[PDB]
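Novice: Take a look at the following structure, please.
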Amino acid sequence: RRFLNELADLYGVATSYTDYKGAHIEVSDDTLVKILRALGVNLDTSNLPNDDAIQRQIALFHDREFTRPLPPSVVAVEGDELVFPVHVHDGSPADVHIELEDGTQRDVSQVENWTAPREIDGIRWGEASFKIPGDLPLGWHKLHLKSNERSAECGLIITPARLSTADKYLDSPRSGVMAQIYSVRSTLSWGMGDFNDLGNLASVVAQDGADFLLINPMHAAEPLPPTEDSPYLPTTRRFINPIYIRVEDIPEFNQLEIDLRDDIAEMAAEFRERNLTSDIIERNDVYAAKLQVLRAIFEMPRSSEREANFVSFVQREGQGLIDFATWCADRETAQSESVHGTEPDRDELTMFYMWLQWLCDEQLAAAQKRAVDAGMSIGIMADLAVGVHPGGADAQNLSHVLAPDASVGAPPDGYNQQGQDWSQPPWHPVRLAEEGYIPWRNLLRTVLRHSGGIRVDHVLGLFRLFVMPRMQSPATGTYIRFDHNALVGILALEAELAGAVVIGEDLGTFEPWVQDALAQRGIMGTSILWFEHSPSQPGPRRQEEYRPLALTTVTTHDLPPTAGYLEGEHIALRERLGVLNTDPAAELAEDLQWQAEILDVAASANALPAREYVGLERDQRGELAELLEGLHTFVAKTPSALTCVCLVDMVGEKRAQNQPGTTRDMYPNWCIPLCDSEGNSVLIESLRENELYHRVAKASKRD
C-alpha cells in the first residue's frame, strides 16, 4: 500500500476522504488501481499489480516529468513573476521566449536552478528555471522553446486577480429572475420556450426591475429525437441545443414558398395549442418538426451580407465546430434508414449542423440584445452543467482530454445512502493541461458570448471531482484533484473578458482555502433561503448574516416552488413517488417547525408581521401572497450582491420542475410547463396581467 499511495499522490488520486455524512473512508486498493488505469497508468488489467510494476510507474512518472521540455502549460495571475522549469539535453541551448495572444514577442529571464542533470534512456538531461515578466496582459499566450533542432511550446495563460463585476454588485446590489425557459411559452412558441421567448421574457421582467434573467443550461443534446429532457446531461458543454430555434425568426424563412409556409403554420398551430394547456412538455415531436423545417430553410440562398456573416461565424468557431457537426452527421446517418444505392452527403449534413449553430448564435445574441436594451445591467445569465453524456459528441471529440473509464458523482449522503453517479466522464487532469486548457476555454467562451453572467453548477469540480470506476457503485469512488489555479483562473479570465458575473454553486461544506480561492476572484456563492442556518445561533440564518458576495434566492429548480413548499409539497411529492422512507407526518411536522422559525426570523427583519409563527397551524400563517411577499422582501433586504426571484413564484406555481434522485419514469422532470396556482398555463403575454406577479415583483425590489 505504501507504493500505491505514493503513486496515487503523484496523480492526485485521494487515498481517503470524508463522505457527505461525515464518515472517514479509506479507499480500497482496487479503486486506486482502477482510477489510476482510467488516468492512463499502465498497471495490470487484472487490477492485481505487483510492487515492481507500481514502483516502476513511480520511476516512470519522475522520469517523464524530467524530460518535459516545457510544462504541460503555465497559468499565472496577472502581476505574478512566475518561475517554471525547462528540460533540455545537457549542454544544448535553452532558448525560451513568449508569443502573446496578439502576436507581440516578450522575453523571460533565467533564474537560479540547483537541480542536478540526470541520464534517462541514454540521454543526459538538465533542468533550467525561467521567470515570466510581471506585466503580461490577460489572455492566451504561448511559451516557446528552441534547443538546436528540438522545439516545444506550451500555453501561458494569464488570469485576472478579481472579476470587476464582484465590486460592482457588492456596491450596487441588484435583483433578477430565474426561468426554466423550455417551460415558459408565448402564444407563438411551438409548445415549449425558444430563443424568441428568452428575449421576450427578459424584456418583460426587466420592466419591473430585474437586471438579469438566469436560465437553465442550453447546451446541445442529441441532434435528432429522441433527445435528453435534462439540461444537465447534454452531449457537449460548448454548442447549443437547436431545439430552441424559432424557425419563423430566421430571415431565410421568408424565402420559402407560401404553401410550405402554410404547412409549417399548420404544424405551428398544433404545437401552439399545447401552450394553453398544463400538459407535460414533449420535446421529441417538437424537435422532429423543427428539424424538418430547418432542412427546408437550409436550401434557401443567402444574401451576400448573410453569407459573409455565416462564413465569419464558421471561421471564428474553428475545428471544434466542424468536429461537433460531423459527429451530428454521423449520428443522423446511423439512425436514419438508407435507400438502396443512395448515400447521404456527409459534408452537406456537416454543413447543416454548422448552420444550426450559427442560427443559435444569432438568436441568442438577439435575445441578449433585447434584454440589455430593456435596461438589464447583466442580461441573460447562463448556467453551465457539470459534464456531458458519456456516449455523446464531446465524449468522442474531446476523448483525448477525458478519463472515460471513470464516472463523476457524489459520495454517500445522509439522504442518498449509496451516493450518486451522474455518469459524466471527467476531464483528465494532466491531458487537459497538456492541451493548454483549450477545451475549457472554448466551452466557456461560447457560454459567455451572449450572456452577462454564468452560473457554474458544482463549482467544487474546479478543485476536485468525486469519481468511481465506470459502472460501479459510488461507494467505490474517490476524489481526483485538478489544478484549481488553472480551472478557476480560466473561468475568471473568460468571464472578465466577457464583462460577466460569475456565480458558483456553493452548496457543500468545503475547506477554507477553496472558499477563499473563489471569493478572492470575485466569484459569488449561492445562498438558498430554505437551506440556510445561522452561523451564530441555532436555527435559520438572520437577514444580516447573508453573505454579501453571493446570489441569494428563496428557492431553486431542484425544489418545489414556494407556493408548493409552503403547503408541504416537497414531502407530499417525495411520498407519492415512494422516495420518502421516513414517516410523512413526522417530516411534515419538522418542516412546519423549520418554516415557522424562518417566518419568525423574517418578522425580526420587519419583512412579515410578528405573528409568533411557531405554534400556528399551517393554514393560519397568512395568505399565500402575503407569505410570498414576506419571503421575497426578507431576501431583497439582505446584503447579498445579487438576489433572484424564481418566475414560478411570481405566478403561484405549485409543481416541482425536478425531484432530485427520481428518474423519468417516476416524475416528468424537466417537462413541467409554467402554470398558476389553479393549474392554468401562464403565457409570457399574460405575466404582467396577474396581480400576484406585481406583488412579488414589488416585494423583491432592492432600491
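Don't worry about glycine lacking a Cβ; one is built from the backbone with ideal geometry, like all the others, and counts go over all protein chains shown. Numbers and lists here come from the model and the stated rules, or from a named source; these are not laboratory values.
Novice: Any idea which of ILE281, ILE264, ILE250, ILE240 is surrounded by 14 or more Cβ atoms within 10 Å (Cβ to Cβ), among the aliphatic types (A, V, I, L, M) and under 30 Å from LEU402 (Cβ atoms)?
Specialist: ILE240
Novice: Now for a different question. Just for strands (runs of 3 or more DSSP E) wholly inside segment 445-508: which have at least 3 residues that are aliphatic (A, V, I, L, M) and either out of contact with any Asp or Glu (no Cβ under 7 Å at 6 or more places or on another chain) or not assigned by TED's automatic domain parsing to the domain that holds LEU136 (or both)?
Specialist: It comes to 464-469, 501-504.
Novice: Okay, moving on. Would segment 543-551 turn up any residue that is on the phi > 0 side of the Ramachandran plot, out of contact with any helix residue (DSSP H, G or I) (no Cβ under 8 Å at 6 or more places or on another chain) and of a type in the set (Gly, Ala, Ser)?
Specialist: No, the conditions are met nowhere in segment 543-551.
Novice: Could I ask something else about it? All but one of (1) touching an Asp or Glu at 6+ places or on another chain (Cβ under 9 Å); (2) over 21 Å from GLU434 (Cα atoms) hold for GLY103, so report the exception by its number.
Specialist: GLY103 satisfies all of (1) touching an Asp or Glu at 6+ places or on another chain (Cβ under 9 Å); (2) over 21 Å from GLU434 (Cα atoms) except (1).
Novice: Among the residues of segment 482-500, is any under 29 Å from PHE634 (Cβ atoms) and buried (at least 21 other Cβ atoms within 10 Å of the Cβ)?
Specialist: Checking segment 482-500: at least one residue is under 29 Å from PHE634 (Cβ atoms) and buried (at least 21 other Cβ atoms within 10 Å of the Cβ).
Novice: Among all residue pairs at least 6 apart or on different chains, which show Cβ distances below 6 Å where the first residue, located in segment 573-592, is assigned to a loop (DSSP other than H, G, I, E, B) and the second is surrounded by 15 or more Cβ atoms within 10 Å (Cβ to Cβ)?
Specialist: If the second residue must be surrounded by 15 or more Cβ atoms within 10 Å (Cβ to Cβ), the pairs left are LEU577/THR662; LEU577/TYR667; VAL579/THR662; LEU580/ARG574.
Novice: Taking the options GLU685, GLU626, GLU653, name whichever one is among the acidic types (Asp, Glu), part of a helix (DSSP H, G or I) and touching a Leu at 6+ places or on another chain (Cβ under 9 Å).
Specialist: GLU626
Novice: Could I ask something else about it? Counting only residues that are without any contact (Cβ under 8 Å) to a residue 24 or more places away in the chain and within 29 Å of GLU496 (Cα to Cα), which one in segment 516-547 is farthest from the chain's Cα centre (by Cα)?
Specialist: Of everything passing the filter in segment 516-547, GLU545 is farthest from the chain's Cα centre (by Cα).
Novice: Please tell me if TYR169 is of a type in the set (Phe, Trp, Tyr), touching a residue at least 24 places away in the same chain (Cβ under 8 Å) and over 20 Å from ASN669 (Cα atoms).
Specialist: Yes: the conditions hold for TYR169.
Novice: Related question: Which residue is nearest to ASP383 (Cα to Cα), if the candidates are limited to segment 325-370 and must be without any contact (Cβ under 8 Å) to a residue 24 or more places away in the chain and β-branched (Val, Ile, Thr)?
Specialist: Result: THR333.
Novice: Further, regarding this structure: If a residue must be surrounded by 15 or more Cβ atoms within 10 Å (Cβ to Cβ) and touching a residue at least 40 places away in the same chain (Cβ under 8 Å), how many such residues does segment 38-60 contain?
Specialist: 5
Novice: Let me confirm something: among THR227, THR236, which residue is assigned to a loop (DSSP other than H, G, I, E, B), in the same structural domain as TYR287 (by TED's automatic domain parsing), closer than 30 Å to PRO426 by Cβ and in contact with a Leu (Cβ under 9 Å, 6 or more places away or on another chain)?
Specialist: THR236
Novice: Could you please tell me which pairs satisfy a Cβ distance under 7 Å, a separation of 6+ or placement on different chains, a first residue in segment 106-126 that is under 12 Å from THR67 (Cβ atoms), and a second residue that is acidic (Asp, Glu) and surrounded by 10 or more Cβ atoms within 10 Å (Cβ to Cβ)?
Specialist: From residues that are under 12 Å from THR67 (Cβ atoms), the pairs are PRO117/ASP90; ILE120/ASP63; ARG124/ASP90; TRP125/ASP90; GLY126/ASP90.
Novice: Any residue that is more than 16 Å from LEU359 (Cβ to Cβ), of a type in the set (D, E, K, R) and in contact (Cβ under 8 Å) with a residue 40 or more places away in the chain - is there at least one of those in segment 257-277?
Specialist: Taking every residue of segment 257-277 in turn, at least one turns out to be more than 16 Å from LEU359 (Cβ to Cβ), of a type in the set (D, E, K, R) and in contact (Cβ under 8 Å) with a residue 40 or more places away in the chain.
Novice: Which members of segment 265-289 meet the condition of being of a type in the set (D, E, K, R) and farther than 14 Å from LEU188 by Cα?
Specialist: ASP279, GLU282, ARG283, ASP285
Novice: What's the number of the only condition in (1) assigned by TED's automatic domain parsing to the domain that holds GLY103; (2) over 14 Å from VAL96 (Cα atoms); (3) charged (D, E, K, R) that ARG150 fails to meet?
Specialist: If we test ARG150 against (1) assigned by TED's automatic domain parsing to the domain that holds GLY103; (2) over 14 Å from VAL96 (Cα atoms); (3) charged (D, E, K, R), just (2) comes out false.
Novice: So, in segment 317-349, of the ones that are among the small types (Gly, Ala, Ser) and assigned to a helix (DSSP H, G or I), which residue ends up surrounded by the fewest Cβ atoms within 10 Å (Cβ to Cβ)?
Specialist: Across segment 317-349, the extreme among qualifying residues is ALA334.
Novice: Can you tell me which residue is farthest from the chain's Cα centre (by Cα) among those in segment 593-623 that are outside any loop (DSSP other than H, G, I, E, B), among the charged types (D, E, K, R) and under 23 Å from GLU544 (Cα atoms)?
Specialist: Per the stated criteria, the residue is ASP600.
Novice: Give me a count of the residues in segment 272-308 that are assigned to a helix (DSSP H, G or I) and either over 28 Å from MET351 (Cα atoms) or touching a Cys at 6+ places or on another chain (Cβ under 6 Å) (or both).
Specialist: 3
Novice: Scan segment 270-278 and give yes if some residue there is of a type in the set (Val, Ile, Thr), out of contact with any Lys or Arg (no Cβ under 9 Å at 6 or more places or on another chain) and within 30 Å of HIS694 (Cβ to Cβ), otherwise no.
Specialist: Among the residues of segment 270-278, at least one is of a type in the set (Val, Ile, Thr), out of contact with any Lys or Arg (no Cβ under 9 Å at 6 or more places or on another chain) and within 30 Å of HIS694 (Cβ to Cβ), which makes the answer yes.
Novice: Let me confirm something: among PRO425, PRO439, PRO404, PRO469, which residue is over 24 Å from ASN5 (Cα atoms) and of a type outside the set (A, V, I, L, M, F, W, C)?
Specialist: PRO439
Novice: Okay, moving on. When only residues in segment 366-396 that are over 19 Å from the mean Cα position of the chain (by Cα) and part of a helix (DSSP H, G or I) count, which is surrounded by the most Cβ atoms within 10 Å (Cβ to Cβ)?
Specialist: Applying the filter and picking the extreme gives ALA371.
Novice: Let me ask something else about it. Can you name the condition, by its number, that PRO425 falls short on among (1) under 25 Å from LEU214 (Cβ atoms); (2) without any contact (Cβ under 8 Å) to a residue 60 or more places away in the chain; (3) of a type outside the set (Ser, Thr, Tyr); (4) in a loop (DSSP other than H, G, I, E, B)?
Specialist: Going through (1) under 25 Å from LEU214 (Cβ atoms); (2) without any contact (Cβ under 8 Å) to a residue 60 or more places away in the chain; (3) of a type outside the set (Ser, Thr, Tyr); (4) in a loop (DSSP other than H, G, I, E, B) one by one, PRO425 breaks only (1).
Novice: Right, here's the next one. Search segment 71-83 for residues that are touching a residue at least 12 places away in the same chain (Cβ under 8 Å) and polar (S, T, N, Q) and pair each with any residue that is assigned to a strand (DSSP E or B) and crowded, with 16+ Cβ neighbours inside 10 Å when their beta-carbon atoms are under 8 Å apart and the residues are at least 6 apart or on different chains.
Specialist: Within 8 Å, the pairs are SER73/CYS154; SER73/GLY155; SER73/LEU156; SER73/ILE157.
Novice: Counting only residues that are without any contact (Cβ under 8 Å) to a residue 40 or more places away in the chain and under 19 Å from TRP427 (Cα atoms), which one in segment 12-37 is surrounded by the most Cβ atoms within 10 Å (Cβ to Cβ)?
Specialist: Going through the qualifying residues, I end up with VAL33.
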